[PDB]
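Here's the letter readout for the chains.
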Amino acid sequence: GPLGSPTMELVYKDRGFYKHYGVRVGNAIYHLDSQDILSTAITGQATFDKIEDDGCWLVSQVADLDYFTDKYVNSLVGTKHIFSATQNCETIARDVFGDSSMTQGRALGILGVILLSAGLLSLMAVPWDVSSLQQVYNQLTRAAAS
Amino acid sequence: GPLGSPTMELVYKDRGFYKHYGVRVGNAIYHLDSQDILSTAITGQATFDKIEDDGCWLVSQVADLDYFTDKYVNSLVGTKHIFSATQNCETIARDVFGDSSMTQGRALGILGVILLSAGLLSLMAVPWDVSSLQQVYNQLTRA
């Protein structure tokens, strides 16, 4: 089902070792501004930026991705997250989620869930159907020592 | 090369979709206490714990992994990292690195880099030889 506002498009660039997702709204693309996904994870700091579409992004079929992302949207509602934004992201909540009452902060958290979920699932080559997504989610939430 | 003390081993359990890594010293295993890497990444909070070996861990051949992990350790020396630990890990520096003078924080940063690197590189199906690792390093860091 839908991830956000009526015109938001999940897009990506294929960087070979990983696919890098963003969201396109009109000619604006919102995405994480660093390719160093390992540094991002280790430091707990990720910054969104808004860029112009360069014509080189591909569109993702969203399929049932929301089944998976909703689990984290719900589970990390009252939880500090790692996402900040540049000054160019003033209207991200409205653009991406269609909700002017949502704070920028809350929008960054939800969008960061979506983009990291898409990127991780792509790395795992997991299709975005409910069955496949539930299977991955079960392994992610399995007790670490088990 | 070696990643730590002379008896330290890189170990994992295979979850199919990914491998969950830890480091072993004797029958003590130090690992992240959640394998929900999304929650870990989104919240910027990873907690090490120390468990007993159940005999069901596999040993990784480390090859040249330290070539890659050392680069990240060196980049994040004067840099906050996300790794904390339960109190069971008070002796991780002496156990894992063989250095009682090393701070717990420094030990956790190094081991966190190693475990996340191993996990990510495995997902990428990258040989842990220097040439392969230099190629993915260059892509990650935009050199």
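Method information in the entry identifies X-ray crystallography as the source of the structure, with 1.560 Å recorded as the resolution.

A.B. asks: Help me out: how do you make sense of the overall build of chain B in this one?
C.D. replies: In terms of helices and strands, chain B carries 5 helices and 6 strands. In terms of overall dimensions, chain B is globule-like: its C-alpha atoms have a radius of gyration of 14 Å, near the 15 Å expected for 143 residues. Considering only C-alpha atoms, chain B reaches an extent of 40 × 35 × 35 Å along its principal axes. By residue count, 51% of the 143 residues in chain B fall in the buried class. Summed over its atoms, the accessible surface of chain B is roughly 6,400 Å², and 48% of this surface lies on carbon and sulfur atoms. For chain B, the distance from the average position of its 10 positive side-chain charges to the average position of its 15 negative side-chain charges is 5 Å.

A.B. asks: Would you take a moment to explain the sheet that holds strand β5 (residues 58–59) of chain A for this structure?
C.D. replies: Sheet strands pair by backbone hydrogen bonding; their relative direction is either parallel or antiparallel. Residue and element names in this part refer to chain A. Read from one edge of the open sheet, 6 strands run β5-β1-β2-β3-β4-β6, paired in mixed fashion. Single-partner strands in this sheet number two, and they are β5 and β6 (83–85). Note that strand β3 (residues 28–32) and strand β4 (residues 46–52) share 5 bridges and pair antiparallel. Directly across from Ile29, in β4, lies its bridge partner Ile51. The strands touched by helix α4 (residues 104–124) are β1 (9–14), β2 (19–25), β3, β4 and β6; relative to β2, the strand with the most contacts, the crossing angle is about 140 degrees.

A.B. asks: Sorry, what's going on with the packing of helix α2 (residues 65–75) of chain A against α4(A) here?
C.D. replies: Two quantities define a packed helix pair, namely the angle between the axes and the distance from one axis to the other. All names here are of chain A. Contact geometry of α2 with α4 gives a least axis separation of 10 Å together with a crossing angle of 130 degrees. Classed by the angle they form, the pair α2 and α4 counts as oblique. As α2 runs across α4, the sense of the crossing is right-handed. Taken together, the residues of α4 that come into contact with α2 (itself represented by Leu65, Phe68, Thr69, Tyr72 and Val73) are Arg106, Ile110, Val113, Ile114, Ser117, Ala118 and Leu121. Residue classes in the contact of α2 with α4 are distributed as 9 nonpolar, 2 polar and 1 charged.

A.B. asks: Sorry, what's going on with helix α5 (residues 130–140) of chain A here?
C.D. replies: Since there are 3.6 residues in each turn of an α-helix, residues three or four apart along the chain are aligned in direction. Along α5(A), the residues that are buried comprise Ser132(A), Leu133(A), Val136(A), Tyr137(A), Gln139(A) and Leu140(A). Buried residues in α5(A), looked at end-on, bunch into an arc of 160 degrees, giving them a common side. Tucked into the core, α5(A) has its buried residues touching α2 and α4 of chain A together with α1 (37–43) of chain B.

A.B. asks: What is the right way to read the interface of chain A and chain B from this model?
C.D. replies: It is common to report an interface's size as the accessible area lost on association of the parts. Taken together, the contact pairs 36 residues of chain A with 41 residues of chain B. A buried area of about 3,200 Å², summed over both sides, lies between chain A and chain B, and 71% of it is on carbon and sulfur atoms. When the area that chain A buries against chain B is broken down by residue, the three leading residues are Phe17(A), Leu38(A) and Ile42(A), summing to 23%. Applying the counting criterion to the chain A and chain B interface returns 0 salt bridges. Put simply, chain A and chain B have 13 residue pairs in polar contact between them.

Thresholds, definitions, all that
- Residues numbered from 1 in each chain as written, not as in the entry; some residues may be left out.
- Chains lettered and ligands numbered in written order.
- Heavy atoms only, no water.
- Helix = DSSP H or I, 4+ residues; strand = E, 2+ residues; numbered from the N terminus.
- Rg over C-alpha atoms; globule rule 2.2 N^0.38 Å.
- Buried < 20%, exposed > 50% of the residue type's maximum accessible area, 1.4 Å probe, protein only.
- Areas by Shrake-Rupley, 256 points an atom, 1.4 Å probe, with all protein chains shown as cover.
- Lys, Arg positive; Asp, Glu negative; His and termini not counted.
- Charge placed at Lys NZ, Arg CZ, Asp CG, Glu CD.
- Pairing = 2+ DSSP bridges.
- Contact = heavy atoms within 4.5 Å.
- Axes fitted to C-alpha atoms, helices over the stretch in contact; angles between N-to-C directions.
- Parallel < 35°, antiparallel > 145°, perpendicular 65-115°, else oblique.
- Left-handed = near helix turned anticlockwise from the far one by under 90°.
- Nonpolar A, V, L, I, M, F, W, Y, C, P; charged D, E, K, R; others polar.
- Arc of directions from axis to C-beta.
- Buried area = accessible area lost by both parts, 1.4 Å probe.
- Salt bridge = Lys/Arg side-chain N within 4 Å of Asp/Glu carboxyl O.
- Polar contact = N/O pair within 3.5 Å; in protein donor to acceptor, adjacent residues only side chain to side chain.

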